[PDB]
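Data block below; observations after.
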4 protein chains.
Amino acid sequence: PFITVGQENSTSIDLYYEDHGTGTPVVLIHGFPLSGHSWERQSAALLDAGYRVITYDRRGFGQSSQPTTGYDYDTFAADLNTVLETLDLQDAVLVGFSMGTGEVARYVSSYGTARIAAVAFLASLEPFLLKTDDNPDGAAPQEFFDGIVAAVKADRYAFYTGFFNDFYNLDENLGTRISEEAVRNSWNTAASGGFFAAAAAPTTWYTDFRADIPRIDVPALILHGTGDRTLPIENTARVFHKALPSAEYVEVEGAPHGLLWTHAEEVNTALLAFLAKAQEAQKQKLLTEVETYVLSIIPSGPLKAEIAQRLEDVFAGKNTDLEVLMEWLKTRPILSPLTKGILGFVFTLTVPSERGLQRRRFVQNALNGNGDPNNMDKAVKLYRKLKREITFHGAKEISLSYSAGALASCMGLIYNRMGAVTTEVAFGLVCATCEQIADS
Amino acid sequence: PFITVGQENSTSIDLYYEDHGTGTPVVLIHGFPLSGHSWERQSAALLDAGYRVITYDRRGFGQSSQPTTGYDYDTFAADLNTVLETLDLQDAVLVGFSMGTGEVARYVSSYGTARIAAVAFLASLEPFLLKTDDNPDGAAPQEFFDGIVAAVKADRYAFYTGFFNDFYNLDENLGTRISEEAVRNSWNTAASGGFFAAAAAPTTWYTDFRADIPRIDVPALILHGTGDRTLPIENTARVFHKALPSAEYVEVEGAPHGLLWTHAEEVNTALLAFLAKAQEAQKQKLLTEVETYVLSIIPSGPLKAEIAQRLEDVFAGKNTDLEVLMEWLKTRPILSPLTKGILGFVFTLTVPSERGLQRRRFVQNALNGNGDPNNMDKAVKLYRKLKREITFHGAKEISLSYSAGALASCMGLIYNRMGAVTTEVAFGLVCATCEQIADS
Amino acid sequence: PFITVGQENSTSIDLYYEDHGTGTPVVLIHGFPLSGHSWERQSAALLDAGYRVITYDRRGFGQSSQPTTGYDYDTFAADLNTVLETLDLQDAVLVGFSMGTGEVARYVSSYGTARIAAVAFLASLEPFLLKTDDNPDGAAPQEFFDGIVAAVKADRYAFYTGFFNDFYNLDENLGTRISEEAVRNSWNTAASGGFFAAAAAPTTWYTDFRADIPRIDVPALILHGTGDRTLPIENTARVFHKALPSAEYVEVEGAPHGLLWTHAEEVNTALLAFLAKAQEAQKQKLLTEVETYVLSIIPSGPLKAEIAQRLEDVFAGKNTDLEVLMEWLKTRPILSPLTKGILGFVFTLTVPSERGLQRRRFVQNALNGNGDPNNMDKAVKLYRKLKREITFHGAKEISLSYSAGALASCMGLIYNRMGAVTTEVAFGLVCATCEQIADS
Amino acid sequence: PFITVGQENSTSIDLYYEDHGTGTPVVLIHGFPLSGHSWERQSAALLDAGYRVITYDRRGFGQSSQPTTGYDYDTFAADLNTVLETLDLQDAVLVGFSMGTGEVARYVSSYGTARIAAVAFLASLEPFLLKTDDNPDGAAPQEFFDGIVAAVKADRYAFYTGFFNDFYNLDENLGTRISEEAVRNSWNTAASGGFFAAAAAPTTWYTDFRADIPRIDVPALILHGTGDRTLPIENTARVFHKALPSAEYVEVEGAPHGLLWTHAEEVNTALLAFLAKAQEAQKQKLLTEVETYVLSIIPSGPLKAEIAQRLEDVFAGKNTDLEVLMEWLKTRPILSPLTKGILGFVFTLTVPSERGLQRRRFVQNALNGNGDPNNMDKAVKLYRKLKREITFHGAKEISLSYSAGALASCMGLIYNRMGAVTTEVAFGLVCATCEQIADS
């Protein structure tokens, strides 16, 4: 699997990617000098959690093409952009490691978090490695990095064994947290990389990401190992934590630079928990917004209080029996059938378990759309547009163009399992329907 | 060289295959966790014997794609099917090793031996690995296999060194039957495989192949090592031999699981001898097939009995004077000239000695094809295809697309020494010709 | 990166190549049993010297296809030819190593030095390895070569460690001139090769290249190590030097067979110096061609002489102050504004240092293209094509299809850093522009 | 079989033609007042020589339409033109008799010998029948021709019997050179013709063809009977021979006007000999043209001389053993494999006997065309066009539009019997291929 992201001479620059599982897309950007396969400890964990894992090898690494041009984060980000846009990812998560954290920050800064839902920085480069007078928080001076490039250029194959010795802290973790064979694989992967990329990459490590950080608006995670020899905890993540206080901060005690393997247990737990909290966070801001739209079509009274109470209860996690709620809903006086249908449509959408409960009859007859063929013809045209939509504001605003009768019919069209749209889109259709009713 | 056998989200599942040599197609399916390149000891041998070696890497192994789905023999066989159908192999031989034996058994069972001429099971999984109450012939209980999967998931790279230690019986064969460097290569191949496939594959080893075995009708070969630690000789091949007594049975004394390399000497000898006997077997089955087709265009009577008898006599070895047969053939009443031509073409093909007899005149004028330029133009196009053919079924099935008049002309095209094709191909043209005449 | 050079049954014979840098094309043909990546010591050096490095893996080696047919230098040359003709290289340099030297000689002999400007033979096979009665200068008898093939067929993986032991003279150079890791990588590369190619290749080493040598007319280089164990200096290069006295002869003191890595220092120095005489020639012919095009749009007078003189001055290396040149240029009477822009665009292109000089105002307003959107729409369409261009002749001829207004605008489009094209391509755009003006 | 060559208000002017045999097209134009069937003596003979006999009936004669307009040689030639172009004849020979000779002269003169390879004039009308002061070589005065027209208009049926008495010289040849029954058939044919054409035709006999004769550039033949009463030998053919000395001149002793039947023996001998010399003529001009093109891709040396010598030997008739040539060809140093393939393709084409030699292996792999699918796709498209081609220049010029790689593949497409084209076309493909190689 490859993805053209550029062109070099007679050749074209292709990047070996890998997309597995089904669900919320999680893009994993690796570090130096490994490849996407280095994520295998996390890949399995994310896949077991029902995510969609997407990994790719950076240019000049792994199975990607090995050009002698374009080794800068402006290019590295452009590559990531092409990948995201080629796969057309939406509400995706960017997880970076080593070099990878730089790609994430730069992409967010340059291209914006349109497709991004959350970000994670494992063993970060941010905000700035280069140690200068104006940047005293820098890890090392210019001379140091120039030394690495020269070291790589001398004998890159010999460089790797020494490199990996501080990458995993083998004087501590070899035989225990990382096997002999596991290191040998890392070496082979390092050798498989491009000779030019191997020497070019180090100059990119001291990139100034300070300008990029303020552009990070989506929920972020900053994880780092205290025993990181390559990227000192104080010169990297701790100063990054100050530049981004809103980000969730995690310090793994005594973890080397390559904590992805040595401390896979902790890294997975922290990463999975973060994605869980971010999914729930954006879900709750969505549900409450849906609530206000739903309440906007309910006459002010003690019944509106009950409905608002039952909505807050299911949104929180106080799982009420879906059968009980629907039973209560149908037997409500002074409530429009259309309103009951909208409510029933919302309750089925939000309640975690369907509990083998068949689609309620009173909702179907409410969202039938008068059984008028004209209402359904409009509904199908709308459904076609809602299929290619993934965002709330996007789906809702294009739905407001259709009549209230068509919207109601289109809603039952989804309720009766005849149509499929993402939950966010469905909420948009609900809110758009409630908005039509709120006018009259 | 790859062959798409599936699709996995944005990517497509491609399998790296390899087709070399010219002759009888022999498909080699490898085992866990190596690739098609592990056959290199056998590949060379088959090539030196004039066979056509075709090897491919299983999904998640070798250079094939590494998907996270479809790790079951129903998929593995379906994959194999796509390969066979894409190359359009005819009279092909399926040879399986370790996991490979499962694909052969399952394919034959599900898809049938239409394209298959013979099969071979080296280090078999059959009939059933899983040890239960209803299946006491099982090698190991469920707990054993679950233990392997967990071990792989822990550190697959570390797992390999231990795995290969019982794979080659290194405490016995290292330094003698298998070099240190050779093992190192096998490990790299194991590491190159998919991380997911490595953990998924063990669960497929205890597949119940008992239902598959009875479907095996083509000549079979059962080779196995007595010193096989992974797959105990008694729990696998010996009980497999009972379920298939007709199969040629070979036990290599003191051979490990990976006898393909350690005991390549013995394996080559047994396989080459087996392929010789099976091809010779189907050749006798071929002559009888030719007879029934020729008789299918001859009107039932006392003459039809004589013709059938004279065919049986020459096929057996009762060498009749070629001149006498031709003399008798021509001087037959109630026999179509076209029928005399077909018979005459067969008699020249089967009789061992030509005895300096010049091409019969009555045969040429019978297969001339009315002297029609259009019929010959079609004949040449068919002859071109029949030259690159080596198998009966291959030549026969591609000839059935041409008109009966073109087939008759193409037969005479070969009779007049204007064309040269292998005996099997020529028979294919005869059976295809007789098939068209039997319709009218 | 691949290049189809043949076909074998269902598969196609593809060779993994690699084209980097911009300038004089230098093709690097590797030896047994490595791949193009082994040139990395020279590749980096040649790239730093402004050459265009093109490397490819021979059939059955590296990432190229592994056929079991066509392992002879007549085929090896046919492969190289396809590579050369596909990339359409002109004035190219062929550098061969080990087996590579054979490919070079045979191509020149059979196809001629039409595309070739110079050749280099490192660790040559020439003129003849096989020791016979008619060739007493042979290195080793027939039995020797037959022994190697038998050794490879026996255990190619074990063979490699032994082969590489004399390839680098590890008893002398291991730990000093070549690291442990470096050899380990070479072994992996050797294993990655085709099993069949590994055994077939040795039979090609004793090819008679004596008939091929006289066809070498382009300037040649013969480098060889005195401590070359695989190919003895006296049996190979010294007798080759006699058959080709005009060739520059270099003997690296105490260098093994794999001098490309162990003695890269000397090899680079010798190769670069040889290539240097050739590089400057083709570079100056390009600049003078640019000059004559520029002079072709300047009205004949005392001013035309000055411009021609100032162009020759910067072309040679008499770097005049860029600010001074621009200053003189703008304040010139009888000079078209468009002409001033073209000149200003050339001076910035040729002058080695930009000297922090901001983009000149008079040039931007000269290459603005009348501010017409239509001129820019054409310019953008042209710029898109010029991005994928690499050659002067290639970029120039496709630019002549656009209007003079579009070319001028596209020129400023690049001048304003809004576009990026290689220097050769930019010159093509200039020459294409001057050619349009010379018509009116 | 008819061919519309004109139009009438309600009728359409159709001419009954006839095309038989396969090979070089020979158009036979009859005389007054017979039809194409009078050529039956010549038709049978020419067919036995492997020619393509094409005969047609002139307007108002035989089975052709019988219009009352357009009875002049400007129209008669235009009719012939329509016939030739409709059948798209190439390298055709025009043979005329009586009136027919005028059509040949007029067509060649006005439309040119584009499709014409050679011409023949049997019982010529040329150059001028009308006897005047400026043309004293005229056969008869105006009064004579006017007398014929009046005789026909009086009683055309009675006219025929008298006419045929001088047509065949019945006072000498009746009962001997022409039977009673043979004449009776001619009378019927004369009667079947149009009444108007019978009277109109004589006025066309005294057409001035003096302006047309110089246009004859193709090799010509002038046959005539000494006892020709209708057209006196001296007033027609002998003065024509002076106006065209290059033409082959044949005088049949004691032959009447209708020598086509009476002296069919002699006419056949002379015509067959003339066509043989003309058919061979273009073949020798072709072989020498192919040679120079083939030699144009061979490097100048002692080898170029040998190849040129061996080509002259096979072209001549010194049939060298085909196997020997191929054996010599393959074992040639300093010769490109592609060149060896081209040469081998030519040698198989030119050598009269194939000697049961199977298609050479070294040629197939040389003309494979790199095994590139794109090259074959181009090859097939070119092959489609080459099938409808019959001429060298025609096939060659349309082949020059395809790439050299496609041309090489298309050549092997024909060599491997996968395609069928006339020898002239194949040569065209060869010369077109050699032309591309000579450029680089």
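Residue numbers in this text run from 1 along the chain shown.
Technique stated in the header: X-ray crystallography, 3.6 Å.
Cβ coordinates come from backbone N, Cα and C, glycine included.
Swiss-Prot lists C:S98, C:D228, C:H257 with the feature active site.
Taken from the PDB entry, the feature linker applies to C:278-285.
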*asked:* I need to check the long-range neighbours of the linker (C:278-285): which residues 6 or more away from its ends have a CB within less than 8 Å of a CB in the stretch?
replied: 23-24, 49-51, 91, 93, 117-118, 219, 315
*Determine how many residues of the linker (C:278-285) DSSP places in helix, in strand and in coil.*
8 helix, 0 strand, 0 coil
*Taking the Cβ of C:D228 (active site) as the centre, count every other Cβ atom within 10 Å, in any protein chain shown.*
25
*C:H257 (active site) and C:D228 (active site), Cα-Cα, nearest whole angstrom*: 4
_Long-range Cβ environment of C:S98 (active site), under 8 Å and at least 6 residues apart_ = C:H30, C:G31, C:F32, C:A123, C:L125, C:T230, C:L231, C:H257
_Using a 10 Å radius around its CB, how many other CB atoms surround C:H257 (active site)?_
24
